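Visitor: my complex, first installment, coordinates as in the assembly:
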Amino acid sequence: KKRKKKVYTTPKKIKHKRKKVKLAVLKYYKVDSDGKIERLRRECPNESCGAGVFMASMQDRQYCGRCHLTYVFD
Amino acid sequence: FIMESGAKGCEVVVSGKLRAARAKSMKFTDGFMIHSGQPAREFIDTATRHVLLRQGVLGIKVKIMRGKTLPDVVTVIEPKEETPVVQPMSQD
Amino acid sequence: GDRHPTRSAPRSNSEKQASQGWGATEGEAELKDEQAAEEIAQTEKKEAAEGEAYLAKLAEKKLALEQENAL
């Protein structure tokens, strides 16, 4: 029997800690100097959504936060 | 107290360990008690319970015999008295 | 041999304290024990001897009563 020694060779596994975001929602508009307020990023197919739905336009590939709309735009 | 309530016999056994290194058991008895056959299956009522104490666990066992009659016993009816009479007689 | 050379640690196998734990093995105490048994027996027996001889339920369902402006 007995409890033998253990050496977990891998140093440590560290979780995905959330990088700080300090009110990044105010960046999401463009106000027309005390008039109408046009929007920035356009919407998606919203069969089950429609409000505030932004599209991760980074490099030729996008998705929706809930709908997961994988669309290759190129 | 059982037999004050009118019981034909009883037996209580206690065992376990509470304040000693080894286990100790006691058994107290009085009256009559049958053990072998199906009369013993039905006449006796038994029960068993645990109890937990600061130091361990104690086991209690209780048996009670309530006194339609045992097959072994035999009862003889008292003979009825009668008297001899004179040989002649007559009636209506 | 499983008997003479105990293989555990001697830990408070005091028969004197056990006597208190179980029952003192003296004649004098037993008489007092019998007196106490007589005292306890009677009280249990006598108890056996004496013994032997604003509607709102609709409102629960009624929650959809409240209504709000149309459209």
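Guide: Sure, I can see it. Numbers count the residues shown, from 1 in each chain, chains lettered A, B, ... in the order given.
Visitor: quick one, strands of chain B?
Guide: B:9-16, B:24-31, B:44-52, B:57-65 (DSSP state E).
Visitor: of all the ones you listed, which one comes closest to chain C?
Guide: The closest of the strands of chain B to chain C is strand B:24-31. By C-beta to the nearest C-beta, the value is 6.4 Å. C-beta here means a position set from N, CA and C on the backbone, and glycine is covered the same way.
Visitor: residues making contact with the closest one?
Guide: If you take C-beta atoms under 8 Å, 6 or more residues apart in numbering or on different chains as the criterion, strand B:24-31 is touched by B:3, B:7-17, B:65, C:18, C:22.
Visitor: can you turn the buried part of those residues into a ChimeraX selection?
Guide: Listed next is the ChimeraX selection for buried residues among these, using 16 or more other C-beta atoms under 10 Å in any protein chain shown:
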select /B:9,10,11,14,16,17,65 /C:18
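Visitor: widest-spaced pair of the contacts of strand B:24-31?
Guide: B:8 and C:18 (34.5 Å; C-beta to C-beta).
Visitor: could you also fit RNA strand D onto it:
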RNA sequence: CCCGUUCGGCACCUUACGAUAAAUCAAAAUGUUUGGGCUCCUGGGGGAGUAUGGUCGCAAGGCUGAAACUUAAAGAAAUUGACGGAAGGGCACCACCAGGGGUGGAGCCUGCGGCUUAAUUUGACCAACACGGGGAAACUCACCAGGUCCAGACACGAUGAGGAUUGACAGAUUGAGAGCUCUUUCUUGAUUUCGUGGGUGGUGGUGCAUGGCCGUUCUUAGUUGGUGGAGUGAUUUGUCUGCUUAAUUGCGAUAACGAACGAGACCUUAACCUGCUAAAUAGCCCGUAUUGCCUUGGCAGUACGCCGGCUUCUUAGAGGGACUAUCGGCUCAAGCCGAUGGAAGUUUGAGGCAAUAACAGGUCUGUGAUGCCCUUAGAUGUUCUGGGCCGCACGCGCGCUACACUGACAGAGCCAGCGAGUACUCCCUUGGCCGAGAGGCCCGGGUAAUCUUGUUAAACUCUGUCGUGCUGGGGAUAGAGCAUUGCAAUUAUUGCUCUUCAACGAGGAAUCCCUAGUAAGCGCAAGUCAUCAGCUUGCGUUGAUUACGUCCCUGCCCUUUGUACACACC
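Guide: Let me put RNA strand D in with the others:
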């Protein structure tokens, strides 16, 4: 030589009016009611008959003879147990006689030891080892190499909606579409996170800390109050010389009499009922239609009857029946044996439950039964991938197949019983069709004396082939191919098809089980089960040789006996 009296000796038997703690004693009496006369010796156990002095002796030694110091018990007589390499009685096919069938010989299945491996998880040494209901492909699983998650309750202090806290596409990254992590930013929002305290869980340790349960002592016959007798007392007789029985089951003798548990009685099941109550989910007779042959008028079959008649057979309820009944020789008796009658004459056959009291018996790996210790977020918690428990020079145990003619092989004739079966699931399966074989497709019945099922089982019986040769007896080892169960078959699950054709000629020293529908042979159902039985629990078919005993061996209990043991020969 015989009978008797007396004096003086060596002794003995019964008894206690007497004595003592008792064993016992005609003195060990005439002693708390204490005095016939005289001499010697001891004052808890060791140190110690030692040291020193004196004295006798050729010497060995003899006679006289302390203290310091240490200790709470040493010792006598008797009682109950335990133990004995002591004796006497009894019981038992887990003992033997008289025998039957076997194992230990070979091959294989399977458990243990050991060896080896990263791991080969672990419990147990008559009463362990085909046991843990343990026939593990994952799961089970407690082990190894790896990877995730928290379900870390509640209370306190702080971050915090000028955002505590959650999830995620793609690319990389890993067996792995695990957001496990890394590149970038969308979404949810006070339940969470940090630290402190405090809990929860654990097939983690301790069965030598426990409960509960089971096994063994022990299938044997043993264990106790009341009144009385003996002893100052613990205790003892009752509970026994003898005979008998499976039995402390009985008869008897008796300082004992009358009783209580255990055994017996009790309950389940197997055998009998032409007598009762019966039954289309069981049968027979009878009546219609109808088939074949002899023809005759019948025989052998098919379908129907549901107020046609009945319950012998089948089946379940109430009862009855065997009690040793009658006999013939033993004998006080209890009984035993033998013949007749009868379905039944070993307690009619077989089981269930089962006394006082114990064991350092087994189980913490059954339990949300349970103390303490240990671990807790790089988990001993839970979960996913792969492996292993099966790895093998060799020792041992429970089984399976054979060594053939009392057999093998090929046709044909053909008889059971106990049981089991489908709802949110996939059971038992008939019939029709395809298929060499294993299998496949399509209707259907049965939640059941209704369907599977008359379960047409195996053994067995008749007619032939083979013919003493390890040959057509034997089937280990391997190659190729075809299917089924399952997510997955490699270390082959199993089945089917063709080929390959090992050892083994009745098994040494040793040793087991068993007394009549029994041993033995042969198969069938159920348990685990999706598949896998060489395993266990039950069922039926065929069906014998030898005995109605003893204490010689191996166990066990009762009496007498011994003890410096009583935690009791460990």
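Visitor: is the residue in chain B that RNA strand D sits nearest to bridged to anything, and to what?
Guide: Nearest to RNA strand D in chain B, going by C-beta to the nearest atom of the strand, is residue B:59, at a distance of 2.1 Å. Listed beta-bridge partners, residue B:59: residue B:15, residue B:50 (assigned using DSSP bridges).
Visitor: show me the contacts for it.
Guide: By C-beta under 8 Å, 6+ apart, the contact list for residue B:59 reads B:14-16, B:48-51.
Visitor: how about 7 Å then?
Guide: Contact partners of residue B:59, counting by C-beta atoms under 7 Å, 6 or more residues apart in numbering or on different chains, are B:15-16, B:50.
Visitor: got it, and residue C:8?
Guide: With C-beta under 7 Å, 6+ apart, residue C:8 has no contacts at all.
Visitor: for the residue of chain A found nearest RNA strand D, give its distance to residue A:7.
Guide: Relative to RNA strand D, the nearest point of chain A is residue A:65 (3.0 Å; C-beta to the nearest atom of the strand). The spacing between residue A:65 and residue A:7, counted by C-beta to C-beta, to the nearest Å, is 42 Å.
Visitor: here's RNA strand E, drop it on:
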RNA sequence: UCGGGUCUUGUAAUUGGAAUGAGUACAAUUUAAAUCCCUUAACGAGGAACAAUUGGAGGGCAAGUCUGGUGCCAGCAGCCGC
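Guide: Below is RNA strand E, added to the chains above:
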């Protein structure tokens, strides 16, 4: 029947009454001279005072199967023992 009266006792309840020396101090007495004692003017008791201790509570041996701490340690116990 939670009822009424007659005697005794106690009161984590209230008060109400009288008394006295432990000390202290005018006088005289005591004595070779003093002190103490025996008398006696003026003072002297209501709570934390004018406040009693030494050994014990398993048996011999009288008196708790209290409550916190320690865990064959510290210790106690003439003896048996904890």
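Visitor: what about the contacts of residue B:59 again, now that RNA strand E is present?
Guide: Residue B:59 touches B:15-16, B:50, counting by C-beta under 7 Å, 6+ apart.
Visitor: would a markdown table of those with distance to RNA strand E be doable?
Guide: Below are those laid out as a markdown table (distance: C-beta to the nearest atom of the strand, whole Å):
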| residue | distance to RNA strand E |
| --- | --- |
| B:15 | 19 |
| B:16 | 17 |
| B:50 | 22 |
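Visitor: so which of those residues are also by RNA strand D?
Guide: Counting by C-beta under 7 Å from any atom of the strand, B:15-16, B:50 from the contacts of residue B:59 sit close to RNA strand D.
Visitor: list phi and psi for residue A:14.
Guide: For residue A:14, the backbone dihedrals (degrees, to the nearest 10) come out as phi -110, psi 130.
Visitor: next, count neighbours for it.
Guide: 6 (other C-beta atoms under 10 Å in any protein chain shown).
Visitor: any idea which helix or strand carries residue C:60?
Guide: helix C:57-61 (DSSP states H and E).
Visitor: could you export that helix as CSV, CA atoms only?
Guide: Output of helix C:57-61 as CSV, limited to C-alpha atoms (Å, rounded to 0.1, in the frame of the first residue of the first chain):
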residue,chain,number,x,y,z
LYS,C,57,-57.3,30.6,-1.7
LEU,C,58,-59.1,32.0,-4.8
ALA,C,59,-56.7,34.9,-4.8
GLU,C,60,-53.9,32.4,-5.3
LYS,C,61,-55.2,31.5,-8.7
